[PDB]
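Quick notes on the structure that follows.
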DNA sequence: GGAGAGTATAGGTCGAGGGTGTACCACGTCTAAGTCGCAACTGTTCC
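In the UniProt record's numbering, the protein residues as written are 830 to 877.
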């Protein structure tokens with residue numbers, strides 16, 4: 830779910846500590862999500 | 001009969017370098033190592 834407080838900083842400005850922490854949630858969860866996605870995709874490929 | 005629950009199944013590929021032994025005694029029973037003799041067996045040495 831979206832956090833009601835946006836990150837206003839661009840990476841050119843560099844992010845405050847709180848903004849960086851906030852961004853880590855979606856970054857990491859996206860990494861693990863890709864990890865699972867590439868697995869289930871292969872399973873479906875095997876069944877097909 | 002018919003519904004919940006309890007049990008069964010599945011869950012990416014290829015690579016590189018690493019990785020383990022608390023605890024009864026007092027004995028007889030057997031074995032794990034032998035040194036050691038004749039046959040049995042390899043070898044020369046001829047005529």
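Yeah, the Cβ is synthetic: ideal placement off N, Cα and C, and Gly gets one too.
Helix, strand or coil at residue i according to DSSP, with G and I counted as helix
i           : result
residue 880 : Lying outside 830 to 877, the shown extent of the chain, residue 880 is not represented and no answer is given.
residue 831 : coil
residue 877 : coil
residue 786 : Beyond the ends of the chain as shown, which are 830 and 877, falls residue 786; an answer cannot be given.
Backbone CA spacing between residue i and residue j [nearest angstrom]
i           : j           : result
residue 846 : residue 871 : 38 Å
residue 876 : residue 838 : 45 Å
Count the C-beta pairs between the segment 863-870 and the segment 832-843 that are closer than 8 Å, then say yes if the count reaches three, no if not. no
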